[PDB]
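Chains as they are written, first to last, in the deposited numbering: chain JI, 1457 to 1721; chain CN, 3 to 27, 32 to 105, 120 to 233, 252 to 270; chain UV, 98 to 274, 282 to 317, 326 to 445, 453 to 983, 1010 to 1116, 1128 to 1237. For reference, the structure discussed in these notes is given below.
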Amino acid sequence: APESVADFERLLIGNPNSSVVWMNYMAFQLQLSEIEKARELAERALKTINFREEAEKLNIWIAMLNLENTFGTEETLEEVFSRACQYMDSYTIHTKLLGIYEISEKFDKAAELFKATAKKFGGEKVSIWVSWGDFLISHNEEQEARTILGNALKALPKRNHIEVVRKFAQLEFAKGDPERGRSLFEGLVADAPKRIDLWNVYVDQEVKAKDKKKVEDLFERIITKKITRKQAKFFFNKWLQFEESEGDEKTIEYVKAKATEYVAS
Amino acid sequence: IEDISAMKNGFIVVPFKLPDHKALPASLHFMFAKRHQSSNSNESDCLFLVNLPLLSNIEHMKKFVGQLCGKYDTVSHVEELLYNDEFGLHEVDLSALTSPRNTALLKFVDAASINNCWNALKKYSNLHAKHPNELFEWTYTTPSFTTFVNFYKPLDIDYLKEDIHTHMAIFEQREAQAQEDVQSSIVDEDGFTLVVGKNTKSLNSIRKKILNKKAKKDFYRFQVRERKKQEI
Amino acid sequence: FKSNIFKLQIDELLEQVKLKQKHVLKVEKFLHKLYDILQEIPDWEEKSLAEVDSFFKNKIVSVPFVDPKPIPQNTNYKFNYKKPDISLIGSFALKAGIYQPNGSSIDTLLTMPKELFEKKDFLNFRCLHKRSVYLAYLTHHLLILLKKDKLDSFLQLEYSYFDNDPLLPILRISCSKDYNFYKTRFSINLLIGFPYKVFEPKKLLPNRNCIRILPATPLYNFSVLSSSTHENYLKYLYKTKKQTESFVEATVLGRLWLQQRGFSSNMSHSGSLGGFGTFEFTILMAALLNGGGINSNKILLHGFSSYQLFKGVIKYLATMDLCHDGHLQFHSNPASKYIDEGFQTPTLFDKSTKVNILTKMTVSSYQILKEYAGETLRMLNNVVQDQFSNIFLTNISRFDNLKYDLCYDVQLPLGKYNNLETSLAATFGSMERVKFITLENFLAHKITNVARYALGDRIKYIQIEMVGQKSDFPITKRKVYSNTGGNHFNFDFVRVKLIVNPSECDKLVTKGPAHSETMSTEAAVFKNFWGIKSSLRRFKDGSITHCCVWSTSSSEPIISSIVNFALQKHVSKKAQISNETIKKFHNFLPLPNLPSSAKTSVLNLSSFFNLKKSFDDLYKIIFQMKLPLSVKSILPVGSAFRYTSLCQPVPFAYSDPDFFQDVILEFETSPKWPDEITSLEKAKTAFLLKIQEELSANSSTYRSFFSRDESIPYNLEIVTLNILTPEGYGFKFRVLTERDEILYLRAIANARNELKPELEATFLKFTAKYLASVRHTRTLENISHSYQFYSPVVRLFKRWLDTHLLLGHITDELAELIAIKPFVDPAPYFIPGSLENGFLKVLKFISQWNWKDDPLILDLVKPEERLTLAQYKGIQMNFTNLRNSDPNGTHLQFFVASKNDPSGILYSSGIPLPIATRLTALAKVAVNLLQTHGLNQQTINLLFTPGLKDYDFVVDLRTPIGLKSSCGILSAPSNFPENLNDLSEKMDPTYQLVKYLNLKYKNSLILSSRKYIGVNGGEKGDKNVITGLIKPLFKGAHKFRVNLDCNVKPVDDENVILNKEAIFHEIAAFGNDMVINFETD
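Structural data, given as structure tokens:
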């Protein structure tokens, strides 16, 4: 581990693209507490690194963003926010400043940034709605989360409507309300009952959610609906894996019997 | 050290025995490859190549795919090569400003071609991993003083004349069309005309200009009242 | 402002130079013990010559009887010694004792009695023989007393001379490791002198004889009268020290200036340098405080600070003559007055004591003092830069090849004192001994007058150093005994140093007086001075004058020829003459394969002017051709057009990289240019195509073809017109229009924020190629005409850089700027008057340059448009802004700026910090080599040997054909071939190879080569090396990436390092038909 400023400088000469020792040096000046040398150091780094190193550029962007969140003020946040959105991809800078807001615990200001990125970039992007739903359901605000899903439904195209109701149902099954996830899932199969990948993520999410009677009735609904041979044996064998992981031999025999009368057609 | 055959990112190393030197105390040339995914129409069925050998060209990949099909007996036929700025000269289009470093992209004909050369290079990775002596020999189209005097050679006057004349003709056609398009009374849909001037010929340049871009304090009675205040 | 900065700086120097009261108290306690000792010394009476002979024969102390010894047949007087009057003399006595590195001295006068004086003791060595037996008896009795009180354990006593006066020997006591003053580093001197007013001044005058055999002996009169009147000076300086307050700081400032220049208070008439130091400075500034006006005005006042006193006294020594026009007169015990009659000797005269002060200074010492006074007056009146350390902190007197412009080693195998009459061509007789008492003085003055009359106007100033002069001899010796130098005399050899007028450095004939009927006295001395070499020639216009014609030679100058002839004629037939240093330098400069190249001088420009003549013929033709746009200007911008090409331009020599000199061809303004950069370059190509067609259709004797220019990145259609004119020359016309700067600014505007510095480098390369190059060319050609020696200096410096393999990555205009720095600003040195002195001054400057703190600001002008205050401070603000944006210098190292270019980046951009540190390290290693070892042929050969070490690999390559004759250097290709492909065949690729591999491995490797194969390809000119350094970036091992831009090898499944052997085999397969040897580390 290097400790002296001259050795630090000679290693910055020796490796101009080593962003890891760049953040080691910025960490050193944070332990010695010089924010002026911090901003001039970020300026010197952005002057000296290459232009085709966009990942390192984004890294020093979020580096100056972290320093101005922990030790800077809101006007400097606005200035570096504007310059970063001018240089690099503004939606990415929106999400990084969002994440730093999450790890710095400013709920109301992070929420204002959610509104901002949703009004500017909500016509074509979906990950901002994903992150807004995650924040709001960690805040446990279900009806406003559903109205954010409605804003996505009115502001996105149709395939993006499908993606946003799918992701909201997944995060509902993960940490949100399971019955709300079930309701949006049955509504989605009411809009489109053919989508085999959608049925697949639905049955994977119920077999991770561990609700036995719904596993049963959904699988019987898969029996009633049209399924091809490869996807049929896929759902059948994954149901076998679920039933052998939990241990019900009567259901094992039931699935083998229904599989025999399925292949005898 | 001979079993380093696949990186965690997913890159396959392709070593090469180089032609040895007469005064050297064989050797290894480490080539990497991974298939590339893109929604671009002219960037379908393409292979990302990392650390290409020196001055490797269409002929180099032709000899390489010939050796590959002769060894592993698959059907794979390459089409073209992309991103050959092996030096770093054609990076920035100054022409377009006015009006994948060290990598290459290899084009194939179909999915059969790409999957056959893919399993061929996979078997080549296992070939180096188990028996690193049964590999290919990468060769250069090794330049001599004939290619050096090509690098120091005068230019063909007839080729120069033809290139100059055709470029001037196409440039004049494009310039005349853009000039007429600017000064052809560009009326909007909602009745609005547009203000151009005499001697302008680029609506691009109009957009670029856009992108580049009496207090009489003693007059009133209240102001002279404050003037009296400031005397006091 | 000048007051503030100079006051703070003199405060810094005075706190640096100030001594300590501990040293003061130690030395005064020691001299108090010496006081007690001298009062315990007992007195004695009249005794005879044989009696003191037996005395100092049975005793160990030997009396220092000077030449000639006293003889009892001719001495009718005897001896005595009574209580001497003791006093302390020195800077400490003036309360100005300062720290000196090698040591300092406080002298003590022991004053001889009037009752011991006889009234005719001043005649014929009597008083000085009395002084010698006086000091010998005092040494014996002080020896008894030191053996008594046990101070013999660490005190060492020797005989010496008062300021190198061989007629006046003194004593010197020193302490080695309670009365020990070894920490003080002092050495006390014991002087035997006379009281005030002890002999007749009117019979003691410089024109009054005191040696009878009528010529006088003014320096001996000065010695006896100064040893009489030592203490009147001391009370007068004590009075003036009471009168003015800043005297001590003024005199330490003067003393440090004198010792930094190299002078001293020693004797200079023995073939030495000095005569002016602390004591002379104090007496002179006291006289100038007394007055110094033309009608006895005062020049210096009591209320003046040391800055004002120094500026005044140096203004006086610069403006007023004291040797050939006038003299100064003052009274010590009422006012000073300058009078207008030169006495052909330094003349500051006191009538209250009837003394001339500066008789220790010779004419050459006064001349060099005049030139130094002028230089420092110029640096004082300089208001732009900071001249303070420039004046006071650079001892130039270290290297004689950097202090003087021509050094000459001459050996004189004399023999013996009676062998003088056979070993000399002059005569040292009785009256010669009277005028020039010591043989060293006589021979030195003979060499000065002979060499001065021989050279005439080819020298500004002269200096004769006597190498081997020991001014120290023990007590047991009568004088300084030696056997060095082929004789028994106190010198090894003679170093003749010349400050040379560079314009008349190489005039072929040495013009004398005209021819009348009667042989004039001047032509008589001419004829008896030249003998066989003289003649009478009728010139081109018809004058009939005497002149001795010489012949020019490249390897050696006419100064060497003429001083060889003069010393071997009018001095002796046995002396040996040498300057093999400058002989080898002129040998190391290349010699073009042309008729009469050997006898051609080094200042000849006839090849360049022939090139210019052919260019002007082509210029007329292309100017009167007929084009759709008429031609506006044609500007030659080539290195030959500024006389900084390395190989001189030989006709039809088409393998030198500077064969094609660049000309700019600019048409008139036109509104119908295209506005798209590629089509713009294509339109310029169209104009060049029409030009080529018209040339081949009208003036068929000219030949022509078309090449590309890839030096500008991303502008790939730049086509240049190669024209071969039948006097054997090549010009590549490139076209400059009124739209290039506009399109480049528009491109750098429309480029996004990542690629902006790349287009900054692009536009900067464009500027340095096209626009500021013309300004650079005309400026350097003009100031080269004013400074002839700039072209051989820059040629030698480019040769040095090419053999050290830095030229491939350092551009030629930066080479020319860093070469021309000492010619533009030679402060505090002189303007260079030799290839040797110029090149070594460049090396010393580039070694002492600290570019991390110091920027280079130049004003390329003729000698006395200069950069005024506002422009200077603006350039310095640009520099400090660049250093705030880059403090360490990973991106720029040399900030060079001139009037044509106040930017500071334009020529030194894109320079590897390894290359810059390697250049500074090479300069430091070179100057340390010249510090430890004497300058000679082996040292300069080691200077020109290439390094080949510190490189991680070297690649030795040869060409199938030696290229020395084709490059145009004799140890010749007559005509152009019928095939331009065969031109490319005889061409050489190695620079394009190393450039393309630099472009390939720009991320990881640094590869350098030799550019000039015609000089550096061995004796045949067919070899070239490729040295290669690995970056620490890939010396370390790193994570696998996608844009790593190197040929690698993984050490595991994640981390990789570089593939050295694969790089080596890539280069080997590239140069398969050319690479021979390859060494690795």
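The C-beta atom is built at its ideal place from N, Cα and C for all residues, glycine as well.
Within chain UV, the residues that residue i reaches when beta carbons sit closer than 9 Å
i: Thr1504/JI; result: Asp1031, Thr1035 and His1036
Residue i and residue j closer than 8 Å at C-beta
i: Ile1114/UV; j: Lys703/UV; result: no
i: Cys666/UV; j: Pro711/UV; result: no
i: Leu53/CN; j: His66/CN; result: no
i: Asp1046/UV; j: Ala934/UV; result: no
i: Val912/UV; j: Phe958/UV; result: yes
i: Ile186/UV; j: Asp164/UV; result: no
i: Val1207/UV; j: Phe1196/UV; result: no
i: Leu88/CN; j: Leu125/CN; result: yes
i: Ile267/UV; j: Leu252/UV; result: no
Residue i - DSSP class collapsed to helix/strand/coil
i: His436/UV; result: coil
i: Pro911/UV; result: helix
i: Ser271/UV; result: strand
i: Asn1522/JI; result: helix
i: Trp1655/JI; result: helix
i: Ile476/UV; result: coil
Own chain, CB closer than 8 Å to residue i, minus 5 neighbours either side, in chain order
i: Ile1219/UV; result: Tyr1157, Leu1161 and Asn1203
i: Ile753/UV; result: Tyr738, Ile741, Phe742, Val782, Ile783, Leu784 and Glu785
Contact list for residue i against chain JI, beta-carbon separation under 8 Å
i: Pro1091/UV; result: Ordered by position in chain JI, no residue passes the 8 Å Cβ test against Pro1091/UV, which lies about 27 Å from the chain.
i: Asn602/UV; result: Within 8 Å Cβ-Cβ: nothing; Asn602/UV doesn't reach chain JI, min ~57 Å.
i: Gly1049/UV; result: Going along chain JI, no residue has its Cβ under 8 Å from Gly1049/UV, so there is no contact; the nearest lies around 17 Å.
Chain-order list of residues whose beta-carbon lies under 7 Å from that of residue i (same chain, five-residue window excluded)
i: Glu813/UV; result: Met744
i: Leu1067/UV; result: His923
i: residue 1453/JI; result: With chain JI covering 1457 to 1721 only, the question about residue 1453/JI has no answer from this structure.
i: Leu1088/UV; result: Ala1071
i: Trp649/UV; result: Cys667
i: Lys211/UV; result: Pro299 and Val302
i: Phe152/UV; result: none
Proximal residues of chain JI, C-beta to C-beta of residue i below 7 Å
i: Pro532/UV; result: Result: empty, since nearest Cβ-Cβ is about 59 Å, beyond 7 Å.
i: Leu1189/UV; result: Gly1470 and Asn1471
Cβ shell of residue i (< 6 Å), same chain only, five flanking positions each side left out
i: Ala1061/UV; result: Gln1038
Residues that residue i contacts on chain UV, provided the C-beta gap is smaller than 8 Å
i: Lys181/CN; result: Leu808
i: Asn1525/JI; result: Under the 8 Å cutoff, chain UV gives no residues; its nearest Cβ is about 23 Å from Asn1525/JI.
i: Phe1507/JI; result: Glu873, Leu874, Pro876 and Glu877
Interface partners of residue i on chain CN, CB under 9 Å
i: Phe1226/UV; result: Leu60, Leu61, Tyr160, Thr162 and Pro163
Listed by chain order, chain UV residues near residue i by CB distance under 7 Å
i: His83/CN; result: Ordered by position in chain UV, no residue passes the 7 Å Cβ test against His83/CN, which lies about 26 Å from the chain.
i: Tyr1543/JI; result: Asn872
Listed by chain order, chain JI residues near residue i by CB distance under 9 Å
i: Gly1184/UV; result: The premise fails here: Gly1184/UV is roughly 18 Å from chain JI at the closest Cβ pair, so nothing lies under 9 Å.
8 Å Cβ cut-off: residues of chain CN touching residue i
i: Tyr1152/UV; result: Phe93
i: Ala1218/UV; result: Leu20, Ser33, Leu34, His35 and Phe36
*Please determine if the region 390-407 of chain UV and the region 357-370 of chain UV are in contact, where contact requires at least 3 C-beta pairs separated by less than 8 Å.*
Counting Cβ pairs under 8 Å, three or more are found: they touch.
*Would you say the region 220-235 of chain UV touches the region 168-181 of chain UV, given that touching needs at least three Cβ pairs under 8 Å?*
yes
*Would you say the region 757-776 of chain UV touches the region 790-807 of chain UV, given that touching needs at least three Cβ pairs under 8 Å?*
No contact exists between the region 757-776 of chain UV and the region 790-807 of chain UV.
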